[PDB]
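Engineer: Protein chains in written order, with full-length UniProt numbering: chain A, 61 to 854; chain B, 303 to 352; chain C, 1 to 274; chain D, 1 to 274; chain E, 1 to 274.
Using N, Cα and C, we set each Cβ at its ideal position, and we do this for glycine too.
Sending over a structure as structure tokens; questions will come in a sec.
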Amino acid sequence: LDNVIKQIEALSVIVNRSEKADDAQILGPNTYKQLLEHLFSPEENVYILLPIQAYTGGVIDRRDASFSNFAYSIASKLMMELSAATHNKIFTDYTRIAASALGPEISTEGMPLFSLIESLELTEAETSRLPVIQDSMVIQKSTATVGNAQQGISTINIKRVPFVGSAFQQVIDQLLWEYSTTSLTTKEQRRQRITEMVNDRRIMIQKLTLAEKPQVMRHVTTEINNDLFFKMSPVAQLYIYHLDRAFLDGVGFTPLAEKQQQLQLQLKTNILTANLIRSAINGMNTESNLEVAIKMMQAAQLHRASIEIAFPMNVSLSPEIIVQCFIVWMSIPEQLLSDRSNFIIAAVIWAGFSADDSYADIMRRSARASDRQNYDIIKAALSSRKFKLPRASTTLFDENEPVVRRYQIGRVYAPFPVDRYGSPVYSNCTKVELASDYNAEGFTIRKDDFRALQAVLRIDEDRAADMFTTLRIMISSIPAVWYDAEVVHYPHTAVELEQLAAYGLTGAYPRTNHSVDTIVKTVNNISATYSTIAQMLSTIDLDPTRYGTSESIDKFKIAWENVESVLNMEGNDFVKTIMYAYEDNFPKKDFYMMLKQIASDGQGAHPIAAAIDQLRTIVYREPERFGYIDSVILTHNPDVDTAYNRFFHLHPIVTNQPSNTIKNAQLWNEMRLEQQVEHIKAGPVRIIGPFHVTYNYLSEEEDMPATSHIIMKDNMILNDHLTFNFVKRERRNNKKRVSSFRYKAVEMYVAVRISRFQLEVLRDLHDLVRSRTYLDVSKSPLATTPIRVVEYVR
Amino acid sequence: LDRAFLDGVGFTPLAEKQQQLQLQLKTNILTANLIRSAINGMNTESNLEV
Amino acid sequence: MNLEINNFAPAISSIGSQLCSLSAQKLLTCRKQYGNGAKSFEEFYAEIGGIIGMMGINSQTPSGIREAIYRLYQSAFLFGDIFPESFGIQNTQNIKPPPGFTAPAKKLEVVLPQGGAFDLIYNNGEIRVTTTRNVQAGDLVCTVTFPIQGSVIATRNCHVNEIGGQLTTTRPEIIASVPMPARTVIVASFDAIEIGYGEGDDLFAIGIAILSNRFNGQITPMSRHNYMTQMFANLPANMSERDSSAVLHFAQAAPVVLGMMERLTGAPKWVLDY
Amino acid sequence: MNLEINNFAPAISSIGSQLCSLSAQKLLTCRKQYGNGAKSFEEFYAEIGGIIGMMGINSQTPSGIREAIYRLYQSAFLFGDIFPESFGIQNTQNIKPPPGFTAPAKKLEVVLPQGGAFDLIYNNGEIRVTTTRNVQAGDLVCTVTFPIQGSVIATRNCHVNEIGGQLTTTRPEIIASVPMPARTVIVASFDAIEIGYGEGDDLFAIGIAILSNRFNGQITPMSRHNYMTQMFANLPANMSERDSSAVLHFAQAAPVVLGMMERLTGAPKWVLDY
Amino acid sequence: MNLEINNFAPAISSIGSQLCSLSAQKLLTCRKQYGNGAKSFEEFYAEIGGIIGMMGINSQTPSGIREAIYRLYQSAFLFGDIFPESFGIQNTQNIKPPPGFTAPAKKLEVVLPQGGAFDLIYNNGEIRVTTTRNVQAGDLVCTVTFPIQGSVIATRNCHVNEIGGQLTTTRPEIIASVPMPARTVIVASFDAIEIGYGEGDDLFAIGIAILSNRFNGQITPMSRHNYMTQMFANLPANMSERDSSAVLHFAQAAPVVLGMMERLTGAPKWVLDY
């Protein structure tokens, strides 16, 4: 159950090496979609433009709590589909007549002007105005500004072409254009930003041609910088540990047999005589040197994750303990060990050289709180002119391999005790001389034994080239703001004494076979996952008015569902694995609060939020374009509205003043007939709830499709669809009078009518022309390739 | 009344608790860690009465 | 007090008032569900009284709201005309209207004509002057510098413009209507409402000290009436009534909320329902 | 100021001093680990500096520490009969000695015995009286009531019981050495240390007001010297010199820590090194 | 001395004070772990005492630190306005408060009004005036221009606004209470604290010469008291008393740390505990 996540990490890293092309920056050509439009003419110089249903998506709120919920549902469901058609596309393509000597370039973009002759029954004196309308549809050019302060303020050229159609189409197309052209920039500004972020002169970015400078690209909403990485500090230790464990697959130690032979050669003792320093390294093995190497690297990177040693001893000592403590003292730098770890080994060393002190007394008299002071005193005593023991140390490094990264780096200690030159480093003197022997309990060590041990603990000069490449790639690929992170999982910093002694005796160092770019790609993936979660929270969950800190624990199920849904998509497996593996140490609530704070601090919402807010207003103003009506009036004596008689031969529009309004259709349906007829007798009755209506516009010749508005099967029950019938007045049949025979015979004694209607009347034929916006490809073309670094010229 | 109205109990089985202790306490075998020796010796047959 | 109000005070005030209302609503929400156990209400509020979703605030503890209020007040009213980029200001024109004033005008502020002709003494809601020398009917006697709206009661030996008992202009002027010799006295009482919000006066006194212990060079402890008179006197001339109302609302709400976060009592209506 | 110190005072004072020392240690620890950034220092301190775990403090916020200080102070020095059974008061068999006093004795308290024969004035380091009539040699002219300890310098026309420069008694008395005429002036300067400590006087001013606003009828804000003199004068007669030291250490540690939690500056050494 | 303080001084003084505090902590850490007398203590410090990591400073020797304080001091005090961003401070208002002033006010500046009615004698900690003519009670005789705080002791023939022995105002105004003719004398002693820090007085003397040798055209050696008085008097008028302490701390901390780096003695508490 411990290696169940190692396979996950390995698979994630391996699939991360499968390169995938990204169209995030690339756009494509697009065209505006033509909406269904029916227009007719009842008489000369009168043109009616009927509102045809364009979108049929709505959900009636059965709870009847409010009306804004229905409009929001319509707007959101419509914008879901509208945004999916212009995902990575910009409106660039339109139909035109190319400019020539016959005149300037003109547009033929809406419905053809020729069809209006048949559709409107124009006379010969109105057809003459059509060619001069066509010749007046010239294209106007202008400029628009793009980019924010964080990016570069660019300038794109735009066109404003005329098309013939409704104003509703104009508003929809304007909303689409304003939504689509968010987060655009040019290639030269992007190259300037890339040059600014990468301050290293070694990497050269490809130069842009003259034609590639005005090309337009799409950038991210908010940039990923060091501020994002800073806020990840509480859980940064786990990320550092698992990156080290995944990307360090080897260890460069020397086999123990050669170390034993070297120590035997250096020891000036007879082979028959038994020596305990010799007999103690024969019971050691380099097993788990890799785990100790990973923990060494973590202790070097993080100054808070200092190693804590687990000593098997409690009160007494042993030759193994003494020799291992000496090896740790002479081979492991103190900047990678905790204060207690330093103090224990220092006291073990001092108990033998002290004239009267003993290990039990030092432990009992000392306090764990003041270990650093006591350690300093003991080190000063052992660095005097009577006793001299060299204490291993290490230094900081700044070197780095060049690579493209969005974050700054720092400097770390080395996990080994040597300098750039290759000579061992000691806090004090490099010489060993002692006044007397080592005696603690019955265990004794000769003075030359320590000299031999110092002689054998010299690291091989040859591995120096391999010893520093790993340090270089570790320095150059880990953000600096993570170096102050705390420790959350204790077992990651715990190693026992025998393992550390075996690691230090053989001169092991971490080794790797991966490149710098894979590590930075993994870090970029982690940052991308955090940015995705923050954006989702900012666009869905960021609300301060209610349900914040005071919310009961029962509400956490709803809030967490979105986060764990986001974490289950592709490309988020690293963070998901790390989060689910260590839930005990870092719970879900603190993770949620950290993400909430990350989102509140300026993380931008997805543009669709404003798009839906702007579209919901459009939904309110024109109801019948989305196939819904606010209320219906049921009455036995209808009074027609004379104004619409001008356009329709007969219509369901009335103007009776309602009495006894009824909240919803269900209340009327559950009523009995006797009470229903009493309501009808007293006057017109109104049903308030919203309905899903459809309108049929018919010619006088066509027979009228029957609609079963009210079904009197057992009770007067209203239908849930309420189809209505209009018959149009044309120039063909304008002076005739049509009887209401067909309309009322197929209608019950109770009539279902409509209180309000909306349509556009145009007095001039040249008012049908509107305008739309397009990118000028000729002067601001779409970029087709990403910006890349120069390599492999051929 | 408590016995009649409180029908069952909800708890994690001891197996998952043992695995969680194993992950949270990474200690080698042959080291005489007695927290494990105590915890592996339990059973949850009397959770209801309690 | 010394203080300079910049041209973007309404924008800062529209954020400060919203923050104050949010904090007050959270205070009542937490006050409704207090467990009444071993922990006091102060610990309960310090544990769960913070706002987590507002851009600009960097802590989930009440101290974050306090620090944000300090920043906004310093930016809006103090010498440093620093524009706070940390809070998100998108439109400096959009400003939600604040609630109307509710402070009764007890000590009305008036100035004499400068002829040294009348003596001025005050009362609960009326001013009354005595003529030092002879005065003829139809000349100025007093005029108010602090705008006032309301009704007029008990007008004797003087004239004010009024329609149905209601004052016409927001700065009425008192002019004598009869030739009145021999050191006579005229009175003028107003049942009107001055500038500010009467409710929550206890919290203002404790909060003005809190925010004067920080800006001691610019702000000193004083009464609410004098504070508002000086704050209104320091307003720029190029300022509409729609904007000055927001500026004054924030100017009074900041000390009230600062003192309310110390004494965890309720909040006034004009702060909650902003 | 009216207050009644009980027999149980040392037990409360030990806990109070321990709590104050822990608060100071946490404050300095969080003050060294603050990196400049988006959050101000007070927000940083509110989040982690408050957490301290002892029996009887039930909060990870500074409000819990403030309430604990209030309750312990009321239990120890105030008139109401209150004892907090929730703290670690049961195991107070042995009490760690408090640090020694370091307050310079600038205004030392003396009492003329009787007869109005001497007129008293004070100075930065010395006292002096004028004899209004003839005085015999070797009689008492003044004696101190506030205990002092230290050396004596520049004594004229008098004598004090001192050997080697050090005063032998904690309550020295001055006696004339030679019969002297009227209008003679006797002086005595002391380089001594009175009760209480000296460092942290800025925090005392803002802490005494804080703990006087709560017990508004019991404590009146005033200087540290008068506070300590009244505390000493209100101590019971049957008390050892070891318990009174702890009581007087807590009596000053409470206000200075209350003021330190407001202005997040450093802490005095005597408060921290208890 | 001649110098002007830029309006962005506190943001630079914060960085300077942090650098000085880290230098002092490193010096003490090196002092504690010095155990071998074979090597001179100067050599040990020069070997590892200069390695400190901060934004802006990129040197591993004491010389780099000395140049760092030199550049910060120059930018903050000698020249005119310079923006704080040059030194890389992330946020301007997020400055940690400095420790409170602990300097004893032995000398106390006072300015007599015009007319030469009184004469001024300064003693150790008080002031005496002698009246050369007839004076009525109830008029100012002295006023303190250097801000002061603390108790009041031994006042004679004068009145000061205070309660409980503690001075209500930072700048007191001494007035007469009863008319005193014919060449009298009145006194007003204070047990107060001034605007500097008392400890490290020798280190200041050593470092002021060091930093006056460099900026010889602006800085001259003198006493700490006069240095602090001129620095306080040269501050800009539009500056809150909370931000003046930040610059006044660094102004005195720079000479002390410069002198301390020469004579490797201990560091004062107000420098290290920042």
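Taking all protein chains shown into account, decide if D/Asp202 is buried (16 or more other Cβ within 10 angstroms of its Cβ) or exposed.
Structural biologist: Along the fourth sequence, one-based indexing puts residue 202 of chain D at 202. With 16 or more other Cβ atoms within 10 Å, it is buried.
Engineer: Contact check, A/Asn775 vs A/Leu733 under 8 Å by CB: the rounded distance?
Structural biologist: Here residue 775 of chain A corresponds to residue number 715 of the first sequence, with the count starting at 1. Here residue 733 of chain A corresponds to residue number 673 of the first sequence, with the count starting at 1. Going by Cβ atoms, the distance from A/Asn775 to A/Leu733 rounds to 6 Å, so yes, they are a contact pair.
Engineer: For A/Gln468, name the three-state secondary structure that DSSP assigns.
Structural biologist: For this step, residue 468 of chain A is matched to residue 408 along the first sequence. Coil at A/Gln468, not helix or strand.
Engineer: Out of A/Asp399, A/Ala619 and A/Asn90, which one is the CA nearest neighbour of A/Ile369?
Structural biologist: Within the first sequence, numbered from 1, the residue matching residue 369 of chain A stands at position 309. For the residues A/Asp399, A/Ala619 and A/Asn90, the minimum Cα distance to A/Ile369 belongs to A/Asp399.
Engineer: With three or more C-beta pairs closer than 8 Å as the rule, is the region 30-39 of chain E touching the region 236-250 of chain D?
Structural biologist: In short, these stretches do not touch, since the Cβ pair count stays below three.
Engineer: Please check the pair A/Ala359 and A/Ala353, which I expect to be a contact at CB under 8 Å, by giving their CB distance rounded to whole angstroms.
Structural biologist: As a first step, residue 359 of chain A must be located in the first sequence, where it is residue number 299. As a first step, residue 353 of chain A must be located in the first sequence, where it is residue number 293. The pair is not a contact, with the Cβ atoms about 11 Å apart (cut-off 8 Å).
Engineer: Consult DSSP for D/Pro98 and reduce its assignment to one of helix, strand or coil.
Structural biologist: The residue given as residue 98 of chain D occupies position 98 in the fourth sequence. DSSP places D/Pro98 in coil when its eight states are reduced to three.
Engineer: Give me the chain C residues within the contact set of E/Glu241, using Cβ-Cβ distance strictly less than 7 Å, ordered along the chain.
Structural biologist: Taking the first residue of the fifth sequence as position 1, residue 241 of chain E is located at position 241. Going along chain C in sequence order, the residues near E/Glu241 (Cβ under 7 Å) are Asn216 and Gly217.
Engineer: Shortest alpha-carbon distance to A/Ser719 belongs to which of A/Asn697, A/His711, A/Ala703 and A/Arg746?
Structural biologist: Numbered from 1 along the first sequence, position 659 holds the residue referred to as residue 719 of chain A. Out of A/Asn697, A/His711, A/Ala703 and A/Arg746, A/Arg746 has the C-alpha closest to the C-alpha of A/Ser719.
Engineer: From C/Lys96 to C/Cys158, what does the alpha carbon distance come to, in whole angstroms?
Structural biologist: In the third sequence, residue 96 of chain C corresponds to position 96, counting from 1. In the third sequence, residue 158 of chain C corresponds to position 158, counting from 1. Near 40 Å, if we compare the C-alpha coordinates of C/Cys158 and C/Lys96.
Engineer: Any C-beta of chain C sitting closer than 7 Å to the C-beta of A/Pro667?
Structural biologist: Stepping through the first sequence from its first residue, residue 667 of chain A is reached at position 607. By this cut-off, A/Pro667 is not an interface position.
Engineer: Run through the DSSP bridge pairs and tell me what C/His159 is partnered with.
Structural biologist: For the purposes of this step, residue 159 of chain C is taken as residue 159 along the third sequence, with counting starting at 1. According to DSSP, which records beta bridges pairwise, C/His159 is partnered with C/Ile175.
Engineer: So if I threshold CB-CB distances at 8 Å, which residues from the region 22-46 of chain D count as touching chain E?
Structural biologist: Cβ contacts with chain E: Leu28, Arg31, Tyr34, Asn36, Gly37, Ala38, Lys39, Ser40 and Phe41.
Engineer: On the three-state DSSP scale, how would you describe A/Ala742?
Structural biologist: Walking along the first sequence from the start, residue 742 of chain A turns up at place 682. In the structure shown, A/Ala742 sits in a helix (DSSP, three-state: H, G or I).
Engineer: Put A/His98 into one of helix, strand or coil per three-state DSSP.
Structural biologist: Taking the first sequence and counting its residues from 1, one reaches residue 98 of chain A at position 38. A/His98: strand per DSSP, three-state reduction.
Engineer: Going by C-alpha to C-alpha distance, which of E/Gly80, E/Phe190, E/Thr131 and E/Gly50 sits closest to E/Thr155?
Structural biologist: Position 155 of the fifth sequence, counting from 1, holds the residue named residue 155 of chain E. Considering only alpha carbons, the answer is E/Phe190.
Engineer: Residue 304 of chain E bridges to which residues according to DSSP?
Structural biologist: Chain E is shown from 1 up to 274; residue 304 of chain E falls before or after that span and cannot be answered.
Engineer: Where do the ends of the beta strand (DSSP E) carrying A/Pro89 lie?
Structural biologist: As a working mapping, residue 89 of chain A is identified with position 29 in the first sequence. Counting along the chain, the beta strand (DSSP E) containing A/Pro89 begins and ends at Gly88 to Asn90.
Engineer: On the premise that A/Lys319 lies in contact with A/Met277, defined as a C-beta separation below 8 Å, what is that separation, rounded to the nearest angstrom?
Structural biologist: Counting from one through the first sequence, the residue named residue 277 of chain A turns up at place 217. Counting from one through the first sequence, the residue named residue 319 of chain A turns up at place 259. Actually they are not in contact, since the Cβ atoms of A/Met277 and A/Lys319 sit about 59 Å apart, beyond 8 Å.
Engineer: Where do the N-terminal and C-terminal ends of the beta strand (DSSP E) with A/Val555 fall, by residue?
Structural biologist: As a first step, residue 555 of chain A must be located in the first sequence, where it is residue number 495. From DSSP, the beta strand (DSSP E) with A/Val555 extends over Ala554 to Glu556.
Engineer: How would you list, in chain order, the residues of chain E whose beta-carbon sits under 8 Å from the beta-carbon of D/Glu199?
Structural biologist: By 1-based counting over the fourth sequence, the position of residue 199 of chain D is 199. In chain order: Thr102.
Engineer: Pull up the CB-CB distance for E/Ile195 and E/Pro147, whole angstroms please, since I reckon it's below 8 Å.
Structural biologist: Numbered from its first residue, the fifth sequence carries residue 195 of chain E at position 195. Numbered from its first residue, the fifth sequence carries residue 147 of chain E at position 147. Correct: roughly 6 Å between the Cβ atoms.
Engineer: C/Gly50 CB to nearest chain A CB: under 7 Å?
Structural biologist: For the purposes of this step, residue 50 of chain C is taken as residue 50 along the third sequence, with counting starting at 1. C/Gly50 counts as touching chain A.
Engineer: Would A/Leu96 and A/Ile108 qualify as a contact pair, given that the criterion is a beta-carbon distance under 7 Å?
Structural biologist: Here residue 96 of chain A refers to the residue found at position 36 when the first sequence is read from its first residue. Here residue 108 of chain A refers to the residue found at position 48 when the first sequence is read from its first residue. Against a cut-off of 7 Å, the Cβ pair of A/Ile108 and A/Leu96 comes out as no contact.
Engineer: Would you call the region 577-595 of chain A and the region 458-472 of chain A touching, i.e. three or more CB-CB distances under 8 Å?
Structural biologist: Segments in contact, yes.
Engineer: Ignoring anything shorter than 3 residues or poking outside the region 684-735 of chain A, list the beta strand (DSSP E) runs there in chain order.
Structural biologist: Complete beta strand (DSSP E) runs here, min 3: 692-695 and 708-710.
Engineer: What residues are listed by DSSP as bridge partners for A/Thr833?
Structural biologist: As a position in the first sequence, residue 833 of chain A is number 773, starting the count at 1. For A/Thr833, which the question treats as bridged, DSSP gives the partners A/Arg220.
Engineer: Can you tell me which of A/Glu238, A/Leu176, A/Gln230 and A/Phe228 puts its alpha carbon nearest to the alpha carbon of A/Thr205?
Structural biologist: On the first sequence, position 145 is the one that residue 205 of chain A refers to. When only C-alpha atoms are compared, the closest one is A/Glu238.
Engineer: Examine the Cβ distances between the region 103-110 of chain D and the region 125-142 of chain D and report whether three or more of them are shorter than 8 Å.
Structural biologist: Segments in contact, yes.
Engineer: Please name the residue in E/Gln230, E/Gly259, E/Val110 and E/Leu272 whose C-alpha comes closest to that of E/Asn213.
Structural biologist: Working through the fifth sequence from its first residue, we reach residue 213 of chain E at position 213. For the residues E/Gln230, E/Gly259, E/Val110 and E/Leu272, the minimum Cα distance to E/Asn213 belongs to E/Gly259.
Engineer: Using alpha carbons as the reference points, say which of E/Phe101, E/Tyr73, E/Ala267 and E/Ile186 lies closest to D/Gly266.
Structural biologist: Indexing the fourth sequence from 1 puts residue 266 of chain D at position 266. Nearest C-alpha to D/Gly266: E/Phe101.
Engineer: So which residues on chain D does E/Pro10 lean against when the C-beta distance must stay under 9 Å?
Structural biologist: Residue mapping note: residue 10 of chain E aligns to position 10 of the fifth sequence, counting from 1. Ordered by position in chain D, no residue passes the 9 Å Cβ test against E/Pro10, which lies about 12 Å from the chain.
Engineer: Kindly list, in the order they appear in chain E, the residues whose Cβ is closer than 7 Å to that of C/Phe79.
Structural biologist: Taking the first residue of the third sequence as position 1, residue 79 of chain C is located at position 79. Correct list: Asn238.
Engineer: Between the Cα of A/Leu336 and those of A/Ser378, A/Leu298 and A/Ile300, spot the shortest distance and give me the residue it belongs to.
Structural biologist: Stepping through the first sequence from its first residue, residue 336 of chain A is reached at position 276. Out of A/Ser378, A/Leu298 and A/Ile300, A/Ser378 has the C-alpha closest to the C-alpha of A/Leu336.
Engineer: Between the region 440-454 of chain A and chain C, which residues of the former have a C-beta closer than 7 Å to a C-beta of the latter?
Structural biologist: Result list empty, no residue passes.
Engineer: List the endpoints of the continuous alpha helix (DSSP H) containing A/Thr599.
Structural biologist: For this step, residue 599 of chain A is matched to residue 539 along the first sequence. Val576 to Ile600 is the extent of the alpha helix (DSSP H) around A/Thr599.
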